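Chemist: PDB entry and its sequence, pasted below:
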Amino acid sequence: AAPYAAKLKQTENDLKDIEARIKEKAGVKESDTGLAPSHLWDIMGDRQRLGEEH
Amino acid sequence: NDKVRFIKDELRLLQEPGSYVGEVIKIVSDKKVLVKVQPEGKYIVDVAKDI
Amino acid sequence: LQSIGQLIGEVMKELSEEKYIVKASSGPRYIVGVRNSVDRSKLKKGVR
Amino acid sequence: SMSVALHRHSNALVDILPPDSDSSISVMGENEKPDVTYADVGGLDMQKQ
Amino acid sequence: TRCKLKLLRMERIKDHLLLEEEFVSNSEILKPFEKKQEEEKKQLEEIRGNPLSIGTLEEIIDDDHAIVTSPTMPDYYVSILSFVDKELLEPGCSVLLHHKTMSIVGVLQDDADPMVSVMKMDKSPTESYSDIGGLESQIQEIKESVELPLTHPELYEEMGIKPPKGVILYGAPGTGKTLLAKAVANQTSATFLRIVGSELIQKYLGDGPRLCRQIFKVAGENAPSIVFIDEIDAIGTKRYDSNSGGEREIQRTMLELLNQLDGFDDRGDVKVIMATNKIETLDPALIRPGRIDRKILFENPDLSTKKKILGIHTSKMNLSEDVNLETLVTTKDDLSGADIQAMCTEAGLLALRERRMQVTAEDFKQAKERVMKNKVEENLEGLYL
Ligand SMILES: Nc1ncnc2c1ncn2[C@@H]1O[C@H](COP(=O)(O)OP(=O)(O)OP(=O)(O)O)[C@@H](O)[C@H]1O
Ligand SMILES: [Mg+2]
């Protein structure tokens, strides 16, 4: 059965490689939320968060 | 001696707070993961030091 | 103010004459003791 | 899978319970029968055998 | 032998390289920067506590606050502050709150929810460009409505007409209405949404109308799209229960579905597909024509149509020299396309039964008589004779 048999296992390993590839990919995504005009919002941001006002 | 330390050990962890159980819905790149606790809301919470 | 409010249950089901399972009206089932200020000759299943 | 006891503050398993309580009752009246004269031993024994 | 090797030549080297490339790059990303971006990140982590309670943004009041409704029972007037903008948010989007004192500390969700996860799919379609024959005509009607605006919008503009919105596939079971929609979706290379209409409904109340909103909300972000809400029958006219625990749920959920389909605008860029057993398991008016064009009634393969389905199957199984193609058709009388596939599965089991490696003449003949026997009526020719 050598024409299809050998080539069957070879098919299978590629699919498994592709599944593994997707779990490597999704564990790192695009950085972060940091934006220079809302880094200036941070100055006021520490005080209100720690305070009793919201 | 081993028998007394272990009973104290059983007792110790009961005094420590409870534990829970969720399932990860998605992965975050801030070094966090998004967990959905089974009777409760979603939380993005820091991960264990061993994983 | 010093009396302090109380919670009601109903005896869900006898488990011992020492320990009794109550069904809380507040919610969850509990196993609770008994005191010497209640008669356990008059606790019986389904008594409030 | 069965009933079990958890402590209230620990919220951890410290004791175990029968599964025979926490369900519905085993006998709705008294476990021993009310009639002790009987009208089952006296009345249709043949059918009762 | 030679061409399955050629598939291996293309897939092994390119794919294996791709895994390895990702894996080094995850390290490599880090190395270009060493200040500025690192710093900003560092203070984002000081600000945002651990854990974060989820929120849902109801609405933004323009003054550096907002109102959220959260899985925490009381609502909150939260503030918009720290690494978030007023215009980085839109209403109805999912937000991240600070555990201690609720504040929108940014978004990393943007309509990330479990019902979204079921709905989006990364799966491969089962059929690609009508792999299995029969129903040639019906696909040249789905395609006119659904595929054709996406591929060429220009042609509708010369015509001066508005372009269609949605299709309704209905009628017979075993005719592969649910598979033609999958075919059409692969042909275009559109975004496909396998959500099922029955997966919004649960005993517990009041959850459902959120779910109906989220479908239309996500579909528009990733537009162009094809949305398939499969099995919208169950949420039809019918009731959950005749006692309790569901008197409301079906009623709110359906109504809420019609509303956000129309409310988009009359678009020809987000199509919907309603798959349903009949219009007798739904309400008598839907939403209700001029707006939902076109309606496709599936009925049973005819002698031409069922030939076509059959020829596909028989060639993928050993022999056809034994019993002519025509002789299979002749023996069969008209039935759905499942009954045609069923005869071939049974034929194959019969070759196993004998312990042959050929589908012999005897196997074909028995397999044909079996299916006809299920699935039987004889009072068509009994009234007559
Ligand atoms: N034009 C076609 N496209 C796809 N498959 C077809 C076509 N015509 C006939 N078939 C046949 O019909 C078979 C049955 O399809 P399937 O059972 O999925 O039906 P359905 O109408 O979507 O059903 P349900 O009511 O069970 O959701 C296919 O496996 C195939 O053999
Ligand atoms: Mg179907």
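Modeler: The structure has been received and is ready for your questions. Residues are numbered from 1 along each chain as shown, chains lettered A, B, ... in the order given. Ligands and ions are numbered 1, 2, ... in the order given.
Chemist: Every contact and neighbour count from this point should use C-alpha atoms.
Modeler: Fine.
Chemist: For chain D, which residues are neighbours of chain C?
Modeler: D:21, D:22, D:25 (CA under 8 Å from any CA of the partner chain).
Chemist: Neighbour-wise, give me the winner out of these.
Modeler: With neighbours defined as other CA atoms under 10 Å in any protein chain shown, the most crowded of the residues of chain D next to chain C is residue D:22; it has 18 neighbours.
Chemist: which residues touch that one?
Modeler: C:13, C:21, D:3 (CA atoms under 8 Å, 6 or more residues apart in numbering or on different chains).
Chemist: where's the second one, which helix or strand?
Modeler: Assigning secondary structure by DSSP states H and E places residue C:21 in strand C:20-24.
Chemist: partner strands of the following helix or strand past that strand, parallel or antiparallel?
Modeler: Where DSSP H and E defines the elements, the next helix or strand beyond strand C:20-24 is strand C:29-32. Partners of strand C:29-32 in the sheet, by DSSP bridges, are strand C:20-24 (antiparallel).
Chemist: quick one, helices of chain E?
Modeler: Under the criterion DSSP state H, chain E contains helices at E:2-30, E:37-47, E:114-119, E:136-145, E:147-151, E:154-159, E:177-188, E:208-221, E:249-262, E:303-315, E:325-331, E:338-354, E:361-371, E:380-384.
Chemist: surely residue E:197 meets residue E:232?
Modeler: Yes - counting by CA atoms under 8 Å, residue E:232 is a contact partner of residue E:197 at 5.1 Å.
Chemist: Next, count neighbours for residue E:169.
Modeler: 24.
Chemist: ok, it - contacts?
Modeler: E:177, E:273, E:274, E:275, E:276, E:295, E:296, E:297, E:298.
Chemist: What ranges does chain D have for its strands?
Modeler: With DSSP state E as the criterion, chain D has strands at D:4-6, D:13-16.
Chemist: Can you tell me which of those is most buried?
Modeler: strand D:4-6 (a mean of 14; mean count of other CA atoms under 10 Å in any protein chain shown).
Chemist: ok, that strand: who's next to it in the sheet?
Modeler: strand D:13-16 (antiparallel).
Chemist: Send over the partner strand as CSV, restricted to the C-alpha atoms.
Modeler: Only the C-alpha atoms of strand D:13-16 are listed here, as CSV (Å, rounded to 0.1, in the frame of the first residue of the first chain):
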residue,chain,number,x,y,z
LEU,D,13,-14.2,19.8,52.7
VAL,D,14,-13.8,18.8,56.5
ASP,D,15,-16.4,16.1,56.8
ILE,D,16,-18.7,13.8,54.9
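Chemist: just to revisit the earlier point, give me the buried stretch members for the strand holding residue C:21, please.
Modeler: For strand C:20-24, the neighbour count (16 or more other CA atoms under 10 Å in any protein chain shown) marks C:20, C:21, C:22, C:23 as buried.
Chemist: ok, so of these, who is nearest chain D?
Modeler: Proximity of the buried residues of strand C:20-24 to chain D (CA to the nearest CA) peaks at residue C:21, which lies at 8.0 Å.
Chemist: Excluding chain neighbours, what is closest to the closest one?
Modeler: Leaving aside its sequence neighbours, residue C:21 sits nearest to residue C:31 (CA to CA, 6 or more residues apart in numbering or on different chains; 4.5 Å).
Chemist: Can you report how many residues lie near the one you found?
Modeler: Neighbours around residue C:31, by other CA under 10 Å: 16.
Chemist: now do residue E:250
Modeler: Other residues within reach of residue E:250, judged by other CA under 10 Å, total 22.
Chemist: I figured it was touching residue E:232, is that so?
Modeler: No - counting by CA under 8 Å, residue E:250 does not reach residue E:232; the two are 10.9 Å apart.
Chemist: How about the stretch 251-385 of chain E: which residue is closest to chain C?
Modeler: For the stretch 251-385 of chain E, the residue closest to chain C is residue E:252, as judged by CA to the nearest CA, at 29.7 Å.
Chemist: hang on, I meant the stretch 151-300 of chain E
Modeler: residue E:204 (18.3 Å).
Chemist: Could you report the neighbour count for that residue?
Modeler: Count around residue E:204 with other CA under 10 Å applied: 10.
Chemist: mind listing what the closest residue to it other than its chain neighbours touches?
Modeler: Leaving aside its sequence neighbours, residue E:204 sits nearest to residue E:245 (CA to CA, 6+ apart; 7.5 Å). Counting by CA under 8 Å, 6+ apart, residue E:245 makes contact with E:203, E:204, E:205.
Chemist: how close does the residue nearest the centre of chain B get to residue E:380?
Modeler: Nearest to the mean C-alpha position of chain B, by CA atoms, centre = their mean, lies residue B:19 at 5.4 Å. Using CA to CA, to the nearest Å, residue B:19 is found at 68 Å from residue E:380.
Chemist: biggest helix in chain A by residues?
Modeler: Per DSSP H, chain A has its longest helix at helix A:2-25.
Chemist: Now the element after it, going C-ward?
Modeler: Counting by DSSP H and E, the next helix or strand C-terminal to helix A:2-25 is helix A:42-50.
Chemist: Only alpha carbons, please: show that next one as PDB.
Modeler: The C-alpha trace of helix A:42-50 is given here as PDB (Å, rounded to 0.1, in the frame of the first residue of the first chain):
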ATOM      1  CA  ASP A  42      -1.800  59.400  33.800                       C
ATOM      2  CA  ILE A  43      -0.800  62.300  35.900                       C
ATOM      3  CA  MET A  44      -4.400  62.900  37.100                       C
ATOM      4  CA  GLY A  45      -5.000  59.100  36.700                       C
ATOM      5  CA  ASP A  46      -3.000  58.000  39.900                       C
ATOM      6  CA  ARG A  47      -4.800  60.400  42.200                       C
ATOM      7  CA  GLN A  48      -8.400  59.700  41.400                       C
ATOM      8  CA  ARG A  49      -7.900  55.900  41.300                       C
ATOM      9  CA  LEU A  50      -6.500  55.800  44.800                       C
END
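Chemist: in stretch B:31-45, what's buried?
Modeler: B:32, B:33, B:34, B:35, B:36, B:42, B:43, B:44, B:45.
Chemist: Using PDB, write out every CA atom in that stretch.
Modeler: Extracted C-alpha coordinates of stretch B:31-45, given in PDB (Å, rounded to 0.1, in the frame of the first residue of the first chain):
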ATOM      1  CA  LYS B  31       1.500  38.600  30.500                       C
ATOM      2  CA  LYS B  32      -2.100  37.900  31.400                       C
ATOM      3  CA  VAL B  33      -4.900  35.500  30.400                       C
ATOM      4  CA  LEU B  34      -8.700  35.900  30.200                       C
ATOM      5  CA  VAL B  35     -10.500  33.400  32.400                       C
ATOM      6  CA  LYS B  36     -14.200  32.900  32.600                       C
ATOM      7  CA  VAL B  37     -15.200  31.600  36.200                       C
ATOM      8  CA  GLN B  38     -18.000  29.300  35.900                       C
ATOM      9  CA  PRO B  39     -20.800  30.800  38.000                       C
ATOM     10  CA  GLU B  40     -19.100  34.400  37.800                       C
ATOM     11  CA  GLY B  41     -18.000  37.100  35.300                       C
ATOM     12  CA  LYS B  42     -14.800  37.300  33.100                       C
ATOM     13  CA  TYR B  43     -11.500  38.400  34.600                       C
ATOM     14  CA  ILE B  44      -8.100  39.200  33.200                       C
ATOM     15  CA  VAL B  45      -5.800  38.100  36.000                       C
END
